[PDB]
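Have a look at run_15.cif; it's mmCIF, C-alpha atoms:
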```cif
data_work
#
loop_
_atom_site.group_PDB
_atom_site.id
_atom_site.type_symbol
_atom_site.label_atom_id
_atom_site.label_comp_id
_atom_site.auth_asym_id
_atom_site.auth_seq_id
_atom_site.Cartn_x
_atom_site.Cartn_y
_atom_site.Cartn_z
ATOM 1 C CA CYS A 1 0.000 0.000 0.000
ATOM 2 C CA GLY A 2 0.791 3.714 -0.069
ATOM 3 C CA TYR A 3 -1.854 4.643 2.505
ATOM 4 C CA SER A 4 -1.232 6.157 5.888
ATOM 5 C CA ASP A 5 -3.920 6.354 8.556
ATOM 6 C CA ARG A 6 -2.818 9.810 9.666
ATOM 7 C CA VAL A 7 -4.296 11.528 6.614
ATOM 8 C CA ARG A 8 -8.025 11.887 6.205
ATOM 9 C CA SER A 9 -10.327 13.787 3.855
ATOM 10 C CA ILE A 10 -13.961 14.431 4.708
ATOM 11 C CA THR A 11 -15.996 15.938 1.881
ATOM 12 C CA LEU A 12 -19.591 16.810 2.535
ATOM 13 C CA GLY A 13 -21.558 19.136 0.285
ATOM 14 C CA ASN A 14 -19.281 21.731 -1.277
ATOM 15 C CA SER A 15 -16.969 21.745 1.736
ATOM 16 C CA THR A 16 -13.903 19.593 2.279
ATOM 17 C CA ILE A 17 -11.762 19.498 5.386
ATOM 18 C CA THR A 18 -8.409 17.745 5.111
ATOM 19 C CA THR A 19 -6.239 16.819 8.056
ATOM 20 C CA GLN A 20 -2.765 15.317 8.093
ATOM 21 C CA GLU A 21 -2.633 14.375 11.754
ATOM 22 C CA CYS A 22 -5.573 12.658 13.320
ATOM 23 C CA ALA A 23 -6.402 9.517 15.189
ATOM 24 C CA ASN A 24 -9.317 7.698 13.546
ATOM 25 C CA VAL A 25 -12.901 8.990 13.794
ATOM 26 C CA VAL A 26 -15.364 8.159 16.568
ATOM 27 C CA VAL A 27 -18.796 7.147 15.318
ATOM 28 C CA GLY A 28 -21.097 7.879 18.290
ATOM 29 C CA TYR A 29 -22.511 4.634 19.737
ATOM 30 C CA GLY A 30 -21.580 2.655 16.623
ATOM 31 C CA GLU A 31 -24.437 4.111 14.552
ATOM 32 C CA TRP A 32 -24.117 6.267 11.473
ATOM 33 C CA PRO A 33 -26.881 8.951 11.069
ATOM 34 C CA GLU A 34 -29.607 8.328 8.495
ATOM 35 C CA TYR A 35 -33.113 9.473 7.531
ATOM 36 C CA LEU A 36 -36.265 8.615 9.476
ATOM 37 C CA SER A 37 -38.074 5.441 8.390
ATOM 38 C CA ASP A 38 -41.775 4.880 7.725
ATOM 39 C CA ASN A 39 -42.066 2.695 10.822
ATOM 40 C CA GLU A 40 -41.042 5.515 13.129
ATOM 41 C CA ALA A 41 -42.914 8.349 11.406
ATOM 42 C CA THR A 42 -45.506 10.278 13.400
ATOM 43 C CA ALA A 43 -45.990 13.384 11.247
ATOM 44 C CA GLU A 44 -48.227 12.880 8.244
ATOM 45 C CA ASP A 45 -47.064 15.730 6.013
ATOM 46 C CA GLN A 46 -44.362 15.157 3.397
ATOM 47 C CA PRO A 47 -40.880 16.126 4.779
ATOM 48 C CA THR A 48 -38.552 18.444 2.902
ATOM 49 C CA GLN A 49 -34.938 17.323 2.679
ATOM 50 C CA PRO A 50 -32.690 20.132 1.400
ATOM 51 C CA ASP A 51 -29.695 17.752 0.984
ATOM 52 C CA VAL A 52 -26.547 19.587 -0.293
ATOM 53 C CA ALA A 53 -27.810 23.057 0.592
ATOM 54 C CA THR A 54 -27.991 22.405 4.323
ATOM 55 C CA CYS A 55 -25.236 19.810 4.778
ATOM 56 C CA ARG A 56 -21.769 21.302 4.728
ATOM 57 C CA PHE A 57 -19.151 22.483 7.195
ATOM 58 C CA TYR A 58 -20.131 25.569 9.194
ATOM 59 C CA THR A 59 -17.038 27.055 10.869
ATOM 60 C CA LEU A 60 -18.152 28.545 14.200
ATOM 61 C CA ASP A 61 -16.129 31.056 16.254
ATOM 62 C CA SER A 62 -12.677 30.177 17.557
ATOM 63 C CA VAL A 63 -11.472 30.997 21.058
ATOM 64 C CA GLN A 64 -7.828 31.252 22.192
ATOM 65 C CA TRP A 65 -6.359 28.593 24.447
ATOM 66 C CA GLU A 66 -4.245 30.125 27.173
ATOM 67 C CA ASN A 67 -2.404 28.712 30.160
ATOM 68 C CA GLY A 68 -4.983 29.859 32.721
ATOM 69 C CA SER A 69 -8.197 29.332 30.712
ATOM 70 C CA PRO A 70 -10.590 26.753 32.209
ATOM 71 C CA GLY A 71 -12.747 25.465 29.306
ATOM 72 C CA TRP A 72 -15.595 26.224 26.921
ATOM 73 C CA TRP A 73 -19.001 24.826 25.936
ATOM 74 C CA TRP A 74 -21.461 25.304 23.044
ATOM 75 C CA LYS A 75 -25.066 24.057 22.804
ATOM 76 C CA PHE A 76 -26.409 22.385 19.669
ATOM 77 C CA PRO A 77 -28.516 22.754 17.597
ATOM 78 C CA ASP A 78 -28.957 26.254 19.110
ATOM 79 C CA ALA A 79 -25.466 27.351 17.965
ATOM 80 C CA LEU A 80 -26.253 26.878 14.257
ATOM 81 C CA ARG A 81 -29.250 29.239 14.261
ATOM 82 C CA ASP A 82 -27.497 31.926 12.179
ATOM 83 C CA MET A 83 -25.713 29.549 9.816
ATOM 84 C CA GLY A 84 -27.063 30.033 6.298
ATOM 85 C CA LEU A 85 -29.934 27.933 4.995
ATOM 86 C CA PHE A 86 -29.752 25.598 7.992
ATOM 87 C CA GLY A 87 -30.797 28.584 10.098
ATOM 88 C CA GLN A 88 -33.578 29.518 7.669
ATOM 89 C CA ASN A 89 -35.121 26.035 7.493
ATOM 90 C CA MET A 90 -34.952 25.816 11.261
ATOM 91 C CA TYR A 91 -36.664 29.191 11.532
ATOM 92 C CA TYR A 92 -39.570 28.321 9.217
ATOM 93 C CA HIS A 93 -40.199 24.762 10.488
ATOM 94 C CA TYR A 94 -41.824 23.454 13.635
ATOM 95 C CA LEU A 95 -40.003 20.067 13.564
ATOM 96 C CA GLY A 96 -36.426 19.236 12.589
ATOM 97 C CA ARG A 97 -34.179 16.173 12.765
ATOM 98 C CA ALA A 98 -30.449 15.900 11.949
ATOM 99 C CA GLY A 99 -27.123 14.267 12.968
ATOM 100 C CA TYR A 100 -23.793 16.157 13.062
ATOM 101 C CA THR A 101 -20.082 15.761 12.277
ATOM 102 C CA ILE A 102 -18.176 17.722 14.952
ATOM 103 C CA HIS A 103 -14.586 18.503 13.872
ATOM 104 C CA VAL A 104 -12.384 20.362 16.415
ATOM 105 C CA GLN A 105 -9.159 21.841 14.984
ATOM 106 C CA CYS A 106 -6.067 22.971 16.899
ATOM 107 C CA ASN A 107 -2.311 22.821 16.264
ATOM 108 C CA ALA A 108 1.053 23.669 17.774
ATOM 109 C CA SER A 109 4.767 23.037 17.241
ATOM 110 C CA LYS A 110 6.816 20.309 18.926
ATOM 111 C CA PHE A 111 7.911 22.544 21.804
ATOM 112 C CA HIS A 112 4.415 22.989 23.199
ATOM 113 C CA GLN A 113 2.571 20.680 25.546
ATOM 114 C CA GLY A 114 -1.038 20.487 26.723
ATOM 115 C CA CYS A 115 -4.007 18.154 26.375
ATOM 116 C CA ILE A 116 -7.736 18.944 25.854
ATOM 117 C CA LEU A 117 -10.722 16.605 26.340
ATOM 118 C CA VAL A 118 -13.258 16.926 23.491
ATOM 119 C CA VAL A 119 -16.604 15.399 24.568
ATOM 120 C CA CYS A 120 -20.197 15.513 23.241
ATOM 121 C CA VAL A 121 -22.576 15.253 26.219
ATOM 122 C CA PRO A 122 -26.227 14.481 25.188
ATOM 123 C CA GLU A 123 -28.908 16.072 27.411
ATOM 124 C CA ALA A 124 -26.690 18.185 29.618
ATOM 125 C CA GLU A 125 -29.035 19.867 32.064
ATOM 126 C CA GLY B 1 -68.805 -13.553 18.907
ATOM 127 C CA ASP B 2 -70.614 -14.075 22.203
ATOM 128 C CA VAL B 3 -70.013 -11.276 24.689
ATOM 129 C CA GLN B 4 -70.191 -13.669 27.618
ATOM 130 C CA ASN B 5 -67.284 -15.604 26.150
ATOM 131 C CA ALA B 6 -64.427 -13.437 27.306
ATOM 132 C CA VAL B 7 -61.515 -15.473 25.995
ATOM 133 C CA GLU B 8 -62.666 -14.975 22.402
ATOM 134 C CA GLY B 9 -61.334 -11.706 21.032
ATOM 135 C CA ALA B 10 -60.704 -9.870 17.804
ATOM 136 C CA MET B 11 -58.053 -7.488 16.562
ATOM 137 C CA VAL B 12 -58.095 -4.438 14.346
ATOM 138 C CA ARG B 13 -55.815 -1.422 14.094
ATOM 139 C CA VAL B 14 -56.131 2.219 13.139
ATOM 140 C CA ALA B 15 -55.852 3.047 9.415
ATOM 141 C CA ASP B 16 -52.546 3.945 7.767
ATOM 142 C CA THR B 17 -51.665 6.950 5.609
ATOM 143 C CA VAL B 18 -50.672 6.221 2.035
ATOM 144 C CA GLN B 19 -48.315 8.604 0.234
ATOM 145 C CA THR B 20 -49.842 11.002 -2.289
ATOM 146 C CA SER B 21 -48.458 13.432 -4.843
ATOM 147 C CA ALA B 22 -49.559 16.733 -6.363
ATOM 148 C CA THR B 23 -52.564 16.697 -8.681
ATOM 149 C CA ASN B 24 -54.342 19.034 -11.052
ATOM 150 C CA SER B 25 -57.344 16.797 -11.565
ATOM 151 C CA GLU B 26 -61.018 17.363 -12.308
ATOM 152 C CA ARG B 27 -62.130 15.632 -9.108
ATOM 153 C CA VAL B 28 -62.874 17.405 -5.851
ATOM 154 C CA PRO B 29 -62.630 15.148 -2.811
ATOM 155 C CA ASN B 30 -63.080 17.970 -0.295
ATOM 156 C CA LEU B 31 -66.291 19.454 -1.682
ATOM 157 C CA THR B 32 -69.448 17.994 -0.291
ATOM 158 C CA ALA B 33 -72.927 19.099 0.715
ATOM 159 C CA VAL B 34 -73.600 19.002 4.467
ATOM 160 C CA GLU B 35 -77.368 19.138 3.807
ATOM 161 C CA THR B 36 -77.380 15.467 2.829
ATOM 162 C CA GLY B 37 -76.767 14.428 6.439
ATOM 163 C CA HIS B 38 -73.637 12.684 5.252
ATOM 164 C CA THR B 39 -70.322 13.127 7.000
ATOM 165 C CA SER B 40 -67.374 13.772 4.676
ATOM 166 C CA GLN B 41 -64.817 10.986 4.297
ATOM 167 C CA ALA B 42 -61.856 13.285 3.631
ATOM 168 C CA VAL B 43 -58.516 11.941 4.830
ATOM 169 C CA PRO B 44 -55.282 14.070 5.014
ATOM 170 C CA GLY B 45 -53.894 12.640 1.747
ATOM 171 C CA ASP B 46 -56.631 14.455 -0.185
ATOM 172 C CA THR B 47 -55.407 18.009 0.414
ATOM 173 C CA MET B 48 -51.720 17.633 1.207
ATOM 174 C CA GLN B 49 -48.850 15.617 -0.095
ATOM 175 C CA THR B 50 -48.359 13.129 2.697
ATOM 176 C CA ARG B 51 -45.613 10.605 3.310
ATOM 177 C CA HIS B 52 -46.238 6.931 3.949
ATOM 178 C CA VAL B 53 -46.886 6.315 7.649
ATOM 179 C CA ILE B 54 -47.772 3.062 9.380
ATOM 180 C CA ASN B 55 -49.996 3.304 12.447
ATOM 181 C CA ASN B 56 -50.011 0.560 15.026
ATOM 182 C CA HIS B 57 -52.351 2.476 17.323
ATOM 183 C CA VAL B 58 -55.362 0.497 18.409
ATOM 184 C CA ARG B 59 -58.636 1.704 19.849
ATOM 185 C CA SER B 60 -58.828 -0.324 22.978
ATOM 186 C CA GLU B 61 -59.863 1.950 25.813
ATOM 187 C CA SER B 62 -62.817 3.275 23.856
ATOM 188 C CA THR B 63 -64.558 -0.097 23.581
ATOM 189 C CA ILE B 64 -67.970 0.032 25.327
ATOM 190 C CA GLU B 65 -66.892 -2.697 27.740
ATOM 191 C CA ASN B 66 -63.659 -1.006 28.833
ATOM 192 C CA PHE B 67 -65.435 2.335 29.108
ATOM 193 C CA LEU B 68 -68.291 1.264 31.359
ATOM 194 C CA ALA B 69 -66.715 -1.585 33.333
ATOM 195 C CA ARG B 70 -65.286 0.103 36.401
ATOM 196 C CA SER B 71 -66.923 -0.050 39.799
ATOM 197 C CA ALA B 72 -68.832 3.153 40.585
ATOM 198 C CA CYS B 73 -70.332 4.096 43.977
ATOM 199 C CA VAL B 74 -74.122 4.282 43.600
ATOM 200 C CA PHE B 75 -75.338 4.985 47.131
ATOM 201 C CA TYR B 76 -74.422 4.704 50.787
ATOM 202 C CA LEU B 77 -76.870 3.898 53.568
ATOM 203 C CA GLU B 78 -76.478 4.286 57.366
ATOM 204 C CA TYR B 79 -77.783 2.184 60.291
ATOM 205 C CA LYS B 80 -77.074 1.948 64.045
ATOM 206 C CA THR B 81 -76.907 -1.082 66.334
ATOM 207 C CA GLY B 82 -80.225 -0.912 68.179
ATOM 208 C CA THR B 83 -83.262 -2.720 69.551
ATOM 209 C CA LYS B 84 -86.800 -3.169 68.205
ATOM 210 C CA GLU B 85 -87.825 0.159 69.740
ATOM 211 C CA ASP B 86 -85.393 2.013 67.485
ATOM 212 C CA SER B 87 -86.294 2.990 63.942
ATOM 213 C CA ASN B 88 -82.762 3.237 62.681
ATOM 214 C CA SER B 89 -81.699 -0.215 63.847
ATOM 215 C CA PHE B 90 -82.103 -1.387 60.266
ATOM 216 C CA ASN B 91 -82.487 0.527 57.042
ATOM 217 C CA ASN B 92 -83.352 -0.117 53.402
ATOM 218 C CA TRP B 93 -82.631 1.193 49.935
ATOM 219 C CA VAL B 94 -84.892 1.120 46.884
#
```
Translate the structure of the given file into structure tokens.
Amino acid sequence: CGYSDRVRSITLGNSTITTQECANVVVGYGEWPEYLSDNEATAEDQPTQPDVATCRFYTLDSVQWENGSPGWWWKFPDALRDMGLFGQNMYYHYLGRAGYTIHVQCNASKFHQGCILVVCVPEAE
Amino acid sequence: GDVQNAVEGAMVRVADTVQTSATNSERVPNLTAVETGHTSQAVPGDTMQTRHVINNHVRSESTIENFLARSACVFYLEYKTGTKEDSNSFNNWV
């Protein structure tokens, strides 16, 4: 082979993120997101699915990591409410359903040290 | 069958919704004349594009039996421990 497992390319919509240092990719609870079935439907009206227009990488704001800083949190889907046509569909529709690819980016040279936990907590009251 | 045979049952479920598409037909399924004394049989698929849904709901607490068959208080009557000279030593209810 010529492959390495440190390089990865995720293309979704018209947006591609590349990364040349990573360690695998965690699929939450072993299950890959997919559309609602007709055995689990409750709503009777025909769903809209905007596909490519609403699936794509939205870069949210970036905070600076400092020596004293204690940590940060964001709440989803609430955070995405101003992001393009996702925001619009969410604004004009009573019900919504979607999964998400969370990709946290950071980098430093060899003469830095430090370690951050990146965790997705469902239902954090 | 017999309503005194309680181990014999039946099963039915609530109707499903079949998917429909847009039309530009010459048939009106939501126009009717109330005067007739006929209740319209419109279903959501007649005026919207609906998806296919399967219902497994079952009407089962709206059966006449299940509705009426719970023990209700109809009356309470009072009586003391007495002698024959008392007229409250027994009591009766029509």
Problem - Distance-based interface of chain B with chain A, 6 Å, counting only C-alpha atoms, as a list in words - result: residues 49, 50, 51, 53 and 54 of chain B
Practice task
Fewer than 2 positions away in the same chain doesn't count, so skip those; otherwise give me all residues within 6 Å of segment 85-101 of chain A, counting all atoms listed in the file, as a PyMOL selection string.
Solution key: chain A and resi 33+54+81-83
Listed atoms of segment 50-57 of chain B boxed axis-aligned with 3 Å per side, centre + edges as lines of an AutoDock Vina configuration file:
```
center_x = -49.0
center_y = 6.8
center_z = 10.0
size_x = 12.7
size_y = 18.6
size_z = 20.6
```
Practice task
Go ahead and find all residues with at least one atom no further than 12 Å from (-9.5, 16.2, 25.4) in the file's coordinates, using only C-alpha atoms; report them as a list in words.
Solution key: residues 71, 72, 104, 105, 106, 114, 115, 116, 117, 118, 119 and 120 of chain A
Handout entry: Å distance separating atom CA of residue 10 of chain B from atom CA of residue 71 of chain B, one decimal place
Key =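 A separation of 24.9 Å between them.
Taking atom CA of residue 1 of chain B and atom CA of residue 72 of chain B as endpoints, the distance between them is 27.4 Å.
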Exercise for the section: State, in Å with one decimal place, the distance from atom CA of residue 52 of chain B to atom CA of residue 13 of chain A. Expected result: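 It comes out at 27.8 Å.
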